[PDB]
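So the structure is just underneath, and the comments pick up after that.
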Number of protein chains: 2
Amino acid sequence: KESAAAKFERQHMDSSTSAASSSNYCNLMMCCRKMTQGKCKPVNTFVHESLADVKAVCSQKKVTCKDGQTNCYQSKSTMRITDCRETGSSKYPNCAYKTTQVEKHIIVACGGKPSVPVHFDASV
Amino acid sequence: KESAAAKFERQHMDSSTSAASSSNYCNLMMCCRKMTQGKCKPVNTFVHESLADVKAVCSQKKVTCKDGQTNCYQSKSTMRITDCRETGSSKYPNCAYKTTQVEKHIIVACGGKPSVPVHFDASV
């Protein structure tokens with residue numbers, strides 16, 4: 001049972017100098033998208049192009065995945081993405097990430113039917 | 001059990017959001033602090049001062065609670081806070097919030113032993 005004090009802290013406390021900062025984007029997103037449960041996912045990329053443009057990659061340039069599987073595709077154009085990588089000081093359950101906004105081609109694995117993105121393989 | 005397609009969206013898509021902008025603080029925080037589950041909590045305030053400072057409010061000016069309860073306190077000084085308000089175009093489970101930074105006196109209810117904040121009542 002969550003205690004009242006912990007509830008107040010969860011719902012109302014965000015002690016900081018500039019919490020709304022974009023340097024904080026990854027810390028908040030990785031938390032929100034549930035990638036910090038039990039351990040910090042060490043690296044994760046978020047894509048900012050439309051969901052339609054990303055799905056479109058599944059019929060663009062075919063490439064081999066980093067793991068040898070052969071169902072990966074590389075986007076024809078660069079896309080705006082946010083790279084999230086643990087800081088040299090992040091320790092669960094206080095995961096910490098460095099936010100890096102860049103534009104690069106993305107490589108995703110496509111599967112299912114219709115064939116759609118099911119895994120983020122890499123950015124180049 | 002989440003579909004592969006959906007997992008990719010959760011872990012890698014962020015196309016409908018001013019991403020790393022300050023305007024996005026509330027959307028990410030309400031999500032991260034779990035106030036958007038089963039229903040979007042319509043209104044919520046986050047305090048940026050230190051936990052000690054907020055706890056210290058429990059021993060400042062007594063004021064009545066909005067609900068008639070008597071364990072409410074008002075901070076002697078203003079505190080930097082953020083107001084998160086569900087926007088007209090928000091529809092669960094796609095909760096959208098408006099972020100507004102202000103510096104005001106806060107009013108919290110205190111409980112337990114030792115007496116610590118257990119409810120955010122308002123800001124004045």
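Lettering and numbering for the structure tokens are positional, with chains as A, B, ... in the shown order, residues counted from 1 in each chain, and ligands counted from 1 in the shown order.
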Using every C-alpha atom paired in order, could you least-squares fit chain A onto chain B and give me the moved chain as a compact mmCIF listing (two decimals) with N, CA, C and O atoms, in the first residue's frame?
# COMPACT_ATOMS: atom_id res chain seq x y z
N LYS A 1 -1.05 -9.67 -23.47
CA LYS A 1 0.37 -9.64 -23.93
C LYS A 1 0.59 -8.47 -24.88
O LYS A 1 -0.07 -8.37 -25.91
N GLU A 2 1.51 -7.59 -24.53
CA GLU A 2 1.79 -6.45 -25.40
C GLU A 2 2.38 -6.94 -26.72
O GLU A 2 3.36 -7.68 -26.72
N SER A 3 1.78 -6.53 -27.83
CA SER A 3 2.27 -6.95 -29.14
C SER A 3 3.62 -6.27 -29.42
O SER A 3 3.97 -5.27 -28.78
N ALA A 4 4.38 -6.82 -30.36
CA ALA A 4 5.68 -6.27 -30.69
C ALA A 4 5.54 -4.87 -31.29
O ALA A 4 6.33 -3.97 -30.98
N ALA A 5 4.54 -4.69 -32.15
CA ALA A 5 4.33 -3.39 -32.77
C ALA A 5 4.03 -2.31 -31.72
O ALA A 5 4.53 -1.19 -31.82
N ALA A 6 3.21 -2.66 -30.73
CA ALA A 6 2.85 -1.72 -29.67
C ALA A 6 4.08 -1.46 -28.81
O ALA A 6 4.30 -0.34 -28.35
N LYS A 7 4.89 -2.50 -28.60
CA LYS A 7 6.09 -2.33 -27.80
C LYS A 7 7.04 -1.35 -28.50
O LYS A 7 7.58 -0.45 -27.87
N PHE A 8 7.24 -1.53 -29.80
CA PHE A 8 8.12 -0.62 -30.52
C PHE A 8 7.57 0.80 -30.42
O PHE A 8 8.33 1.74 -30.22
N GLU A 9 6.25 0.96 -30.55
CA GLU A 9 5.65 2.29 -30.46
C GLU A 9 5.81 2.91 -29.08
O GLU A 9 6.17 4.08 -28.96
N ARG A 10 5.58 2.12 -28.03
CA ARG A 10 5.75 2.59 -26.65
C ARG A 10 7.21 2.98 -26.35
O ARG A 10 7.48 4.07 -25.84
N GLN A 11 8.14 2.09 -26.68
CA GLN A 11 9.56 2.32 -26.42
C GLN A 11 10.29 3.31 -27.34
O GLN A 11 11.20 4.00 -26.89
N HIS A 12 9.87 3.38 -28.60
CA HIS A 12 10.58 4.21 -29.56
C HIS A 12 9.86 5.33 -30.33
O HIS A 12 10.52 6.11 -31.01
N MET A 13 8.54 5.41 -30.24
CA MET A 13 7.84 6.45 -30.99
C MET A 13 7.36 7.64 -30.17
O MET A 13 6.69 7.49 -29.14
N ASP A 14 7.72 8.84 -30.63
CA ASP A 14 7.24 10.08 -30.02
C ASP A 14 7.15 11.09 -31.15
O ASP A 14 7.92 12.05 -31.22
N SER A 15 6.21 10.82 -32.06
CA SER A 15 5.99 11.67 -33.22
C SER A 15 5.61 13.07 -32.78
O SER A 15 4.68 13.24 -32.00
N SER A 16 6.34 14.07 -33.27
CA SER A 16 6.08 15.45 -32.90
C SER A 16 7.03 16.46 -33.54
O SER A 16 8.04 16.09 -34.13
N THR A 17 6.68 17.74 -33.42
CA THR A 17 7.47 18.84 -33.96
C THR A 17 8.52 19.33 -32.96
O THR A 17 9.63 19.71 -33.35
N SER A 18 8.16 19.32 -31.68
CA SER A 18 9.05 19.78 -30.61
C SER A 18 8.66 19.05 -29.31
O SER A 18 8.19 19.67 -28.36
N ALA A 19 8.87 17.74 -29.29
CA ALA A 19 8.53 16.89 -28.15
C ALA A 19 9.22 17.26 -26.83
O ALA A 19 8.62 17.12 -25.75
N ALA A 20 10.46 17.74 -26.91
CA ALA A 20 11.24 18.12 -25.73
C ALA A 20 10.77 19.43 -25.12
O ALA A 20 11.30 19.86 -24.10
N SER A 21 9.77 20.05 -25.73
CA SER A 21 9.20 21.32 -25.27
C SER A 21 8.73 21.31 -23.81
O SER A 21 8.33 20.27 -23.28
N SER A 22 8.78 22.48 -23.17
CA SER A 22 8.34 22.61 -21.78
C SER A 22 6.82 22.70 -21.76
O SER A 22 6.19 22.56 -20.71
N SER A 23 6.24 22.94 -22.93
CA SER A 23 4.78 23.00 -23.03
C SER A 23 4.30 21.56 -22.88
O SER A 23 3.12 21.29 -22.66
N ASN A 24 5.24 20.62 -22.99
CA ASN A 24 4.93 19.21 -22.87
C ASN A 24 5.21 18.65 -21.47
O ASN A 24 4.89 17.50 -21.19
N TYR A 25 5.80 19.46 -20.58
CA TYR A 25 6.15 18.98 -19.23
C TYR A 25 5.02 18.26 -18.50
O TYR A 25 5.22 17.17 -17.96
N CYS A 26 3.84 18.86 -18.46
CA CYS A 26 2.75 18.23 -17.75
C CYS A 26 2.31 16.93 -18.38
O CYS A 26 2.07 15.95 -17.67
N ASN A 27 2.23 16.89 -19.71
CA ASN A 27 1.82 15.66 -20.37
C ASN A 27 2.73 14.50 -19.99
O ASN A 27 2.25 13.38 -19.76
N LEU A 28 4.03 14.76 -19.93
CA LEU A 28 5.01 13.73 -19.61
C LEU A 28 5.06 13.38 -18.12
O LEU A 28 5.17 12.21 -17.75
N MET A 29 4.97 14.41 -17.27
CA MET A 29 5.01 14.20 -15.83
C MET A 29 3.76 13.51 -15.30
O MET A 29 3.86 12.60 -14.48
N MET A 30 2.58 13.94 -15.76
CA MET A 30 1.34 13.33 -15.30
C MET A 30 1.34 11.85 -15.69
O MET A 30 0.86 11.00 -14.95
N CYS A 31 1.91 11.55 -16.86
CA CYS A 31 2.02 10.17 -17.32
C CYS A 31 2.99 9.42 -16.41
O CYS A 31 2.65 8.38 -15.83
N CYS A 32 4.21 9.95 -16.29
CA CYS A 32 5.26 9.36 -15.47
C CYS A 32 4.85 9.13 -14.01
O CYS A 32 5.11 8.07 -13.45
N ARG A 33 4.22 10.13 -13.38
CA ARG A 33 3.80 9.99 -11.99
C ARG A 33 2.47 9.24 -11.82
O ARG A 33 1.84 9.32 -10.76
N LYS A 34 2.06 8.53 -12.86
CA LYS A 34 0.84 7.71 -12.85
C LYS A 34 -0.50 8.37 -12.51
O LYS A 34 -1.31 7.79 -11.80
N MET A 35 -0.74 9.56 -13.03
CA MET A 35 -2.00 10.21 -12.75
C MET A 35 -2.92 10.23 -13.96
O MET A 35 -3.82 11.06 -14.07
N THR A 36 -2.70 9.29 -14.88
CA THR A 36 -3.51 9.17 -16.08
C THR A 36 -3.90 7.71 -16.34
O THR A 36 -3.79 7.22 -17.46
N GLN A 37 -4.35 7.02 -15.30
CA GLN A 37 -4.77 5.62 -15.45
C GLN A 37 -6.26 5.46 -15.19
O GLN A 37 -6.71 5.53 -14.05
N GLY A 38 -7.01 5.23 -16.26
CA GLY A 38 -8.45 5.06 -16.16
C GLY A 38 -9.17 6.37 -16.43
O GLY A 38 -10.32 6.39 -16.88
N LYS A 39 -8.49 7.47 -16.16
CA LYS A 39 -9.06 8.78 -16.37
C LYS A 39 -7.95 9.80 -16.18
O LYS A 39 -6.94 9.50 -15.54
N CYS A 40 -8.12 10.98 -16.74
CA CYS A 40 -7.11 12.01 -16.59
C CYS A 40 -7.39 12.78 -15.31
O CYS A 40 -8.53 13.22 -15.09
N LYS A 41 -6.39 12.93 -14.46
CA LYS A 41 -6.63 13.72 -13.28
C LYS A 41 -6.79 15.09 -13.95
O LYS A 41 -5.94 15.50 -14.75
N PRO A 42 -7.90 15.79 -13.67
CA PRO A 42 -8.16 17.11 -14.26
C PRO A 42 -7.19 18.23 -13.90
O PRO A 42 -6.86 19.06 -14.74
N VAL A 43 -6.74 18.27 -12.65
CA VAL A 43 -5.82 19.30 -12.20
C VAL A 43 -4.79 18.72 -11.23
O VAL A 43 -5.11 17.88 -10.39
N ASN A 44 -3.54 19.16 -11.35
CA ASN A 44 -2.50 18.67 -10.47
C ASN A 44 -1.38 19.69 -10.41
O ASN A 44 -1.06 20.33 -11.41
N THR A 45 -0.78 19.86 -9.24
CA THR A 45 0.30 20.81 -9.09
C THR A 45 1.60 20.11 -8.68
O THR A 45 1.59 19.21 -7.85
N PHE A 46 2.70 20.53 -9.28
CA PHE A 46 4.00 19.96 -8.96
C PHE A 46 4.82 21.07 -8.31
O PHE A 46 4.81 22.21 -8.78
N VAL A 47 5.50 20.74 -7.21
CA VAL A 47 6.30 21.72 -6.48
C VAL A 47 7.79 21.52 -6.76
O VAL A 47 8.30 20.40 -6.70
N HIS A 48 8.49 22.61 -7.05
CA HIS A 48 9.91 22.50 -7.37
C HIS A 48 10.88 22.88 -6.26
O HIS A 48 12.09 22.83 -6.46
N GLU A 49 10.38 23.28 -5.09
CA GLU A 49 11.29 23.62 -4.01
C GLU A 49 11.80 22.32 -3.41
O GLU A 49 11.24 21.26 -3.69
N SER A 50 12.84 22.39 -2.59
CA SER A 50 13.39 21.19 -1.96
C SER A 50 12.32 20.49 -1.14
O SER A 50 11.40 21.14 -0.64
N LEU A 51 12.47 19.17 -0.99
CA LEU A 51 11.54 18.36 -0.20
C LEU A 51 11.55 18.81 1.26
O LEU A 51 10.55 18.68 1.97
N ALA A 52 12.69 19.35 1.71
CA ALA A 52 12.84 19.85 3.08
C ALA A 52 12.05 21.14 3.28
O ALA A 52 11.47 21.35 4.34
N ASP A 53 12.06 22.02 2.29
CA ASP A 53 11.32 23.28 2.40
C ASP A 53 9.81 23.00 2.40
O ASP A 53 9.04 23.65 3.11
N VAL A 54 9.40 22.03 1.60
CA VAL A 54 8.00 21.68 1.53
C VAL A 54 7.57 21.05 2.86
O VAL A 54 6.55 21.44 3.43
N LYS A 55 8.35 20.09 3.36
CA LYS A 55 8.02 19.46 4.63
C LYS A 55 7.97 20.51 5.73
O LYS A 55 7.20 20.38 6.69
N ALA A 56 8.79 21.55 5.59
CA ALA A 56 8.85 22.61 6.58
C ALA A 56 7.51 23.36 6.71
O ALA A 56 7.18 23.88 7.77
N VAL A 57 6.74 23.39 5.63
CA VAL A 57 5.46 24.08 5.68
C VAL A 57 4.56 23.52 6.79
O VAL A 57 3.72 24.25 7.33
N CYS A 58 4.77 22.25 7.16
CA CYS A 58 3.93 21.62 8.19
C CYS A 58 4.04 22.26 9.57
O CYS A 58 3.34 21.87 10.50
N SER A 59 4.94 23.22 9.70
CA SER A 59 5.09 23.90 10.97
C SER A 59 5.05 25.40 10.72
O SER A 59 5.50 26.19 11.54
N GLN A 60 4.47 25.78 9.58
CA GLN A 60 4.33 27.18 9.21
C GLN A 60 2.88 27.64 9.44
O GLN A 60 2.22 27.13 10.34
N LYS A 61 2.37 28.57 8.64
CA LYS A 61 1.00 29.08 8.84
C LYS A 61 -0.18 28.09 8.71
O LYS A 61 -0.45 27.54 7.64
N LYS A 62 -0.91 27.92 9.81
CA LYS A 62 -2.06 27.03 9.86
C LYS A 62 -3.27 27.65 9.15
O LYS A 62 -3.59 28.81 9.37
N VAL A 63 -3.92 26.88 8.28
CA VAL A 63 -5.11 27.35 7.57
C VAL A 63 -6.09 26.20 7.37
O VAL A 63 -5.71 25.03 7.40
N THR A 64 -7.36 26.54 7.16
CA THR A 64 -8.41 25.54 6.95
C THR A 64 -8.34 25.03 5.52
O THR A 64 -8.12 25.80 4.58
N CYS A 65 -8.51 23.72 5.34
CA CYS A 65 -8.46 23.14 4.00
C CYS A 65 -9.72 23.50 3.19
O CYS A 65 -10.75 23.85 3.76
N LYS A 66 -9.63 23.42 1.87
CA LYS A 66 -10.78 23.69 1.01
C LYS A 66 -11.99 22.80 1.36
O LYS A 66 -13.13 23.16 1.10
N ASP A 67 -11.71 21.64 1.93
CA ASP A 67 -12.75 20.68 2.27
C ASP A 67 -13.22 20.71 3.73
O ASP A 67 -13.95 19.83 4.18
N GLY A 68 -12.80 21.72 4.48
CA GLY A 68 -13.25 21.81 5.86
C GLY A 68 -12.37 21.12 6.88
O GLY A 68 -12.50 21.37 8.07
N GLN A 69 -11.48 20.23 6.44
CA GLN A 69 -10.60 19.60 7.40
C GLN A 69 -9.67 20.67 7.95
O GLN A 69 -9.44 21.69 7.30
N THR A 70 -9.17 20.45 9.16
CA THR A 70 -8.33 21.44 9.82
C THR A 70 -6.90 20.96 10.08
O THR A 70 -6.40 21.05 11.21
N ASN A 71 -6.26 20.43 9.05
CA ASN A 71 -4.88 19.98 9.18
C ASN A 71 -4.06 20.50 8.00
O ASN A 71 -3.12 19.85 7.57
N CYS A 72 -4.43 21.68 7.49
CA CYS A 72 -3.73 22.33 6.37
C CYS A 72 -2.82 23.46 6.83
O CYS A 72 -3.07 24.09 7.86
N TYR A 73 -1.77 23.70 6.07
CA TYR A 73 -0.79 24.74 6.38
C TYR A 73 -0.41 25.42 5.08
O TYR A 73 -0.37 24.78 4.03
N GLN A 74 -0.15 26.72 5.18
CA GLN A 74 0.23 27.57 4.05
C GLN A 74 1.70 27.98 4.21
O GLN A 74 2.10 28.42 5.29
N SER A 75 2.48 27.85 3.14
CA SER A 75 3.89 28.20 3.18
C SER A 75 4.07 29.69 3.39
O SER A 75 3.32 30.49 2.83
N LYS A 76 5.05 30.06 4.21
CA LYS A 76 5.31 31.46 4.50
C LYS A 76 5.75 32.21 3.25
O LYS A 76 5.38 33.37 3.05
N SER A 77 6.52 31.54 2.40
CA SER A 77 7.02 32.16 1.19
C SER A 77 6.42 31.54 -0.07
O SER A 77 5.81 30.47 -0.01
N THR A 78 6.59 32.21 -1.20
CA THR A 78 6.09 31.67 -2.45
C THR A 78 7.08 30.56 -2.82
O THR A 78 8.21 30.52 -2.32
N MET A 79 6.65 29.66 -3.70
CA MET A 79 7.49 28.56 -4.15
C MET A 79 7.28 28.41 -5.64
O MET A 79 6.25 28.80 -6.17
N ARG A 80 8.27 27.87 -6.34
CA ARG A 80 8.10 27.69 -7.76
C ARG A 80 7.34 26.39 -7.93
O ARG A 80 7.74 25.35 -7.41
N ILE A 81 6.24 26.47 -8.65
CA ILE A 81 5.43 25.29 -8.84
C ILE A 81 4.98 25.26 -10.27
O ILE A 81 5.04 26.28 -10.96
N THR A 82 4.55 24.09 -10.71
CA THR A 82 4.02 23.93 -12.05
C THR A 82 2.59 23.47 -11.91
O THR A 82 2.28 22.47 -11.26
N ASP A 83 1.71 24.24 -12.53
CA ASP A 83 0.31 23.96 -12.51
C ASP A 83 0.00 23.17 -13.77
O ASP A 83 0.43 23.54 -14.86
N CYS A 84 -0.73 22.07 -13.62
CA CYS A 84 -1.10 21.24 -14.75
C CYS A 84 -2.63 21.11 -14.83
O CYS A 84 -3.28 20.57 -13.94
N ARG A 85 -3.21 21.62 -15.92
CA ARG A 85 -4.66 21.58 -16.09
C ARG A 85 -5.06 21.05 -17.46
O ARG A 85 -4.53 21.49 -18.48
N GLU A 86 -5.98 20.09 -17.48
CA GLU A 86 -6.44 19.53 -18.74
C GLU A 86 -6.82 20.63 -19.72
O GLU A 86 -7.37 21.66 -19.34
N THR A 87 -6.51 20.38 -20.99
CA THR A 87 -6.81 21.32 -22.06
C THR A 87 -8.28 21.14 -22.42
O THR A 87 -8.88 20.13 -22.08
N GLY A 88 -8.85 22.12 -23.10
CA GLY A 88 -10.25 22.01 -23.47
C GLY A 88 -10.50 20.90 -24.48
O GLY A 88 -11.62 20.74 -24.96
N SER A 89 -9.46 20.13 -24.80
CA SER A 89 -9.57 19.05 -25.78
C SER A 89 -9.04 17.68 -25.34
O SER A 89 -9.08 16.73 -26.13
N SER A 90 -8.55 17.57 -24.11
CA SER A 90 -8.02 16.30 -23.59
C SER A 90 -9.07 15.21 -23.32
O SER A 90 -9.98 15.40 -22.52
N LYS A 91 -8.93 14.06 -23.98
CA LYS A 91 -9.86 12.95 -23.79
C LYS A 91 -9.09 11.66 -23.49
O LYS A 91 -8.19 11.29 -24.25
N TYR A 92 -9.43 10.99 -22.40
CA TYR A 92 -8.74 9.74 -22.07
C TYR A 92 -8.92 8.80 -23.26
O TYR A 92 -9.96 8.83 -23.92
N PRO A 93 -7.91 7.96 -23.57
CA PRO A 93 -6.60 7.81 -22.92
C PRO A 93 -5.54 8.63 -23.63
O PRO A 93 -4.41 8.18 -23.85
N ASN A 94 -5.94 9.82 -24.04
CA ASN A 94 -5.05 10.78 -24.67
C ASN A 94 -5.28 12.05 -23.87
O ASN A 94 -5.95 12.99 -24.31
N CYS A 95 -4.76 12.02 -22.65
CA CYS A 95 -4.87 13.14 -21.74
C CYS A 95 -3.95 14.25 -22.26
O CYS A 95 -2.88 13.97 -22.80
N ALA A 96 -4.39 15.49 -22.12
CA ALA A 96 -3.61 16.63 -22.58
C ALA A 96 -3.69 17.72 -21.54
O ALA A 96 -4.77 18.05 -21.04
N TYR A 97 -2.53 18.28 -21.21
CA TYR A 97 -2.46 19.30 -20.19
C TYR A 97 -1.77 20.56 -20.64
O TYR A 97 -0.92 20.55 -21.53
N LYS A 98 -2.15 21.67 -20.00
CA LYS A 98 -1.54 22.95 -20.27
C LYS A 98 -0.58 23.18 -19.12
O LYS A 98 -0.98 23.11 -17.95
N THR A 99 0.68 23.45 -19.43
CA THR A 99 1.67 23.68 -18.39
C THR A 99 1.78 25.15 -18.06
O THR A 99 1.93 25.99 -18.95
N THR A 100 1.71 25.46 -16.78
CA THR A 100 1.81 26.83 -16.32
C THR A 100 2.76 26.90 -15.15
O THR A 100 2.48 26.36 -14.08
N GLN A 101 3.89 27.55 -15.36
CA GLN A 101 4.89 27.69 -14.33
C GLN A 101 4.72 29.03 -13.65
O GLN A 101 4.78 30.08 -14.30
N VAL A 102 4.49 29.00 -12.35
CA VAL A 102 4.30 30.22 -11.58
C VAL A 102 4.90 30.06 -10.20
O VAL A 102 5.43 29.01 -9.87
N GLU A 103 4.84 31.12 -9.41
CA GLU A 103 5.35 31.09 -8.05
C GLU A 103 4.20 31.58 -7.19
O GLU A 103 3.65 32.65 -7.44
N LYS A 104 3.82 30.78 -6.20
CA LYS A 104 2.71 31.10 -5.32
C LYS A 104 2.95 30.37 -4.01
O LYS A 104 3.83 29.51 -3.92
N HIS A 105 2.16 30.73 -3.00
CA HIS A 105 2.24 30.08 -1.71
C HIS A 105 1.48 28.79 -1.92
O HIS A 105 0.56 28.75 -2.73
N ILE A 106 1.87 27.74 -1.22
CA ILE A 106 1.13 26.50 -1.36
C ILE A 106 0.47 26.15 -0.04
O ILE A 106 0.90 26.58 1.03
N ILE A 107 -0.62 25.39 -0.13
CA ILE A 107 -1.33 24.96 1.04
C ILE A 107 -1.37 23.45 0.96
O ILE A 107 -1.82 22.88 -0.03
N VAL A 108 -0.88 22.78 1.99
CA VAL A 108 -0.89 21.34 1.99
C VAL A 108 -1.50 20.86 3.28
O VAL A 108 -1.51 21.58 4.27
N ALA A 109 -2.03 19.64 3.28
CA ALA A 109 -2.56 19.06 4.51
C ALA A 109 -1.37 18.25 5.04
O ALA A 109 -0.63 17.65 4.25
N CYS A 110 -1.18 18.24 6.35
CA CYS A 110 -0.08 17.51 6.97
C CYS A 110 -0.62 16.44 7.90
O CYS A 110 -1.58 16.67 8.63
N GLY A 111 -0.01 15.27 7.87
CA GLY A 111 -0.47 14.18 8.71
C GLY A 111 0.62 13.18 8.98
O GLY A 111 1.74 13.29 8.48
N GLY A 112 0.29 12.17 9.77
CA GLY A 112 1.27 11.16 10.10
C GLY A 112 2.15 11.63 11.24
O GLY A 112 1.86 12.63 11.89
N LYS A 113 3.25 10.91 11.46
CA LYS A 113 4.20 11.22 12.52
C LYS A 113 5.58 10.66 12.15
O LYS A 113 5.74 9.46 12.01
N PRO A 114 6.57 11.54 11.93
CA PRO A 114 6.47 13.00 11.98
C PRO A 114 5.35 13.55 11.08
O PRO A 114 4.91 12.89 10.14
N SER A 115 4.90 14.76 11.37
CA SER A 115 3.85 15.37 10.59
C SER A 115 4.42 15.88 9.28
O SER A 115 5.25 16.78 9.27
N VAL A 116 3.96 15.30 8.18
CA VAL A 116 4.45 15.67 6.86
C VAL A 116 3.34 15.84 5.82
O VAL A 116 2.22 15.36 5.99
N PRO A 117 3.64 16.53 4.71
CA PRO A 117 2.65 16.74 3.66
C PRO A 117 2.05 15.44 3.13
O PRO A 117 2.78 14.54 2.70
N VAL A 118 0.72 15.34 3.14
CA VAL A 118 0.00 14.16 2.65
C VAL A 118 -1.06 14.50 1.59
O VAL A 118 -1.76 13.61 1.10
N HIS A 119 -1.16 15.78 1.23
CA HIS A 119 -2.16 16.23 0.26
C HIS A 119 -1.89 17.67 -0.17
O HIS A 119 -1.55 18.52 0.66
N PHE A 120 -2.02 17.93 -1.47
CA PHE A 120 -1.84 19.27 -1.98
C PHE A 120 -3.25 19.87 -2.03
O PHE A 120 -4.11 19.41 -2.78
N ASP A 121 -3.49 20.88 -1.21
CA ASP A 121 -4.82 21.48 -1.17
C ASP A 121 -5.03 22.62 -2.15
O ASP A 121 -6.06 22.67 -2.83
N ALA A 122 -4.07 23.53 -2.24
CA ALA A 122 -4.21 24.68 -3.13
C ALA A 122 -2.96 25.55 -3.15
O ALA A 122 -2.05 25.37 -2.34
N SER A 123 -2.94 26.49 -4.08
CA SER A 123 -1.84 27.45 -4.18
C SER A 123 -2.55 28.80 -4.15
O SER A 123 -3.67 28.93 -4.62
N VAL A 124 -1.89 29.81 -3.58
CA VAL A 124 -2.49 31.13 -3.47
C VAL A 124 -1.48 32.23 -3.78
O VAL A 124 -0.33 32.12 -3.31
Just the strand (DSSP E or B) stuff from stretch 14-49 of chain B, please, per backbone DSSP, written as a JSON list (two decimals) with N, CA and C atoms, in the first residue's frame.
[["chain", "number", "residue", "atom", "x", "y", "z"],
["B", 43, "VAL", "N", -6.47, 18.05, -13.01],
["B", 43, "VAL", "CA", -5.60, 19.12, -12.53],
["B", 43, "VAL", "C", -4.58, 18.63, -11.50],
["B", 44, "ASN", "N", -3.34, 19.11, -11.60],
["B", 44, "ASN", "CA", -2.31, 18.70, -10.66],
["B", 44, "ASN", "C", -1.16, 19.70, -10.57],
["B", 45, "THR", "N", -0.64, 19.90, -9.36],
["B", 45, "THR", "CA", 0.45, 20.84, -9.14],
["B", 45, "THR", "C", 1.73, 20.14, -8.69],
["B", 46, "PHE", "N", 2.86, 20.56, -9.25],
["B", 46, "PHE", "CA", 4.16, 20.01, -8.87],
["B", 46, "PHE", "C", 4.96, 21.13, -8.19],
["B", 47, "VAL", "N", 5.66, 20.80, -7.11],
["B", 47, "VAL", "CA", 6.47, 21.78, -6.37],
["B", 47, "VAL", "C", 7.96, 21.55, -6.63]]
inquiry  = DSSP on the backbone: which residues in chain A end up as alpha helix (DSSP H)? Give the answer as a list in words.
reply    = residues 4, 5, 6, 7, 8, 9, 10, 11, 12, 25, 26, 27, 28, 29, 30, 31, 32, 51, 52, 53, 54, 55 and 56 of chain A
Any chance you could export the current selection's N, CA and C atoms as a CSV table (one decimal), in the first residue's frame?
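In the end it all went to again-v9.csv:
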chain,number,residue,atom,x,y,z
A,4,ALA,N,0.8,7.7,2.4
A,4,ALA,CA,0.4,9.0,2.0
A,4,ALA,C,1.5,9.9,1.7
A,5,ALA,N,2.6,9.8,2.5
A,5,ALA,CA,3.8,10.7,2.3
A,5,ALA,C,4.4,10.4,0.9
A,6,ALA,N,4.5,9.1,0.5
A,6,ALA,CA,5.0,8.7,-0.8
A,6,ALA,C,4.1,9.2,-1.9
A,7,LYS,N,2.8,9.1,-1.6
A,7,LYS,CA,1.8,9.5,-2.6
A,7,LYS,C,2.0,11.0,-2.9
A,8,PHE,N,2.1,11.8,-1.8
A,8,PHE,CA,2.3,13.3,-2.0
A,8,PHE,C,3.6,13.5,-2.8
A,9,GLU,N,4.6,12.8,-2.5
A,9,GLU,CA,5.9,13.0,-3.2
A,9,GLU,C,5.8,12.6,-4.6
A,10,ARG,N,5.2,11.5,-4.9
A,10,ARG,CA,5.0,11.0,-6.3
A,10,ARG,C,4.1,12.0,-7.1
A,11,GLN,N,3.0,12.4,-6.6
A,11,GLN,CA,2.0,13.3,-7.2
A,11,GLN,C,2.4,14.8,-7.3
A,12,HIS,N,3.1,15.3,-6.2
A,12,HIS,CA,3.4,16.7,-6.2
A,12,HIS,C,4.9,17.2,-6.0
A,25,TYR,N,14.3,15.7,-20.9
A,25,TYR,CA,13.3,14.9,-21.8
A,25,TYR,C,13.4,13.4,-21.6
A,26,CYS,N,14.7,12.9,-21.7
A,26,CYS,CA,14.8,11.5,-21.7
A,26,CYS,C,14.4,10.9,-20.3
A,27,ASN,N,14.9,11.6,-19.2
A,27,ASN,CA,14.5,11.1,-17.9
A,27,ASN,C,13.0,10.9,-17.7
A,28,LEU,N,12.3,11.9,-18.3
A,28,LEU,CA,10.8,11.9,-18.1
A,28,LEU,C,10.1,10.9,-19.1
A,29,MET,N,10.6,10.9,-20.3
A,29,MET,CA,10.1,10.0,-21.3
A,29,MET,C,10.3,8.5,-21.0
A,30,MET,N,11.6,8.2,-20.7
A,30,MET,CA,11.9,6.8,-20.4
A,30,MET,C,11.1,6.3,-19.2
A,31,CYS,N,10.8,7.2,-18.3
A,31,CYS,CA,9.9,6.9,-17.1
A,31,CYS,C,8.5,6.6,-17.6
A,32,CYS,N,8.0,7.6,-18.3
A,32,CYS,CA,6.6,7.6,-18.8
A,32,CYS,C,6.3,6.4,-19.7
A,51,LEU,N,3.9,8.9,-37.5
A,51,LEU,CA,3.8,7.5,-37.4
A,51,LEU,C,3.7,6.9,-38.8
A,52,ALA,N,3.1,7.6,-39.8
A,52,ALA,CA,3.0,7.2,-41.2
A,52,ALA,C,4.3,7.2,-41.9
A,53,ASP,N,5.2,8.2,-41.6
A,53,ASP,CA,6.5,8.2,-42.3
A,53,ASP,C,7.3,7.1,-41.8
A,54,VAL,N,7.2,6.8,-40.5
A,54,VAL,CA,8.0,5.7,-39.9
A,54,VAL,C,7.5,4.4,-40.4
A,55,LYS,N,6.2,4.2,-40.5
A,55,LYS,CA,5.7,2.9,-41.0
A,55,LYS,C,6.1,2.8,-42.4
A,56,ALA,N,6.2,3.9,-43.1
A,56,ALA,CA,6.6,3.9,-44.5
A,56,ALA,C,8.0,3.3,-44.8
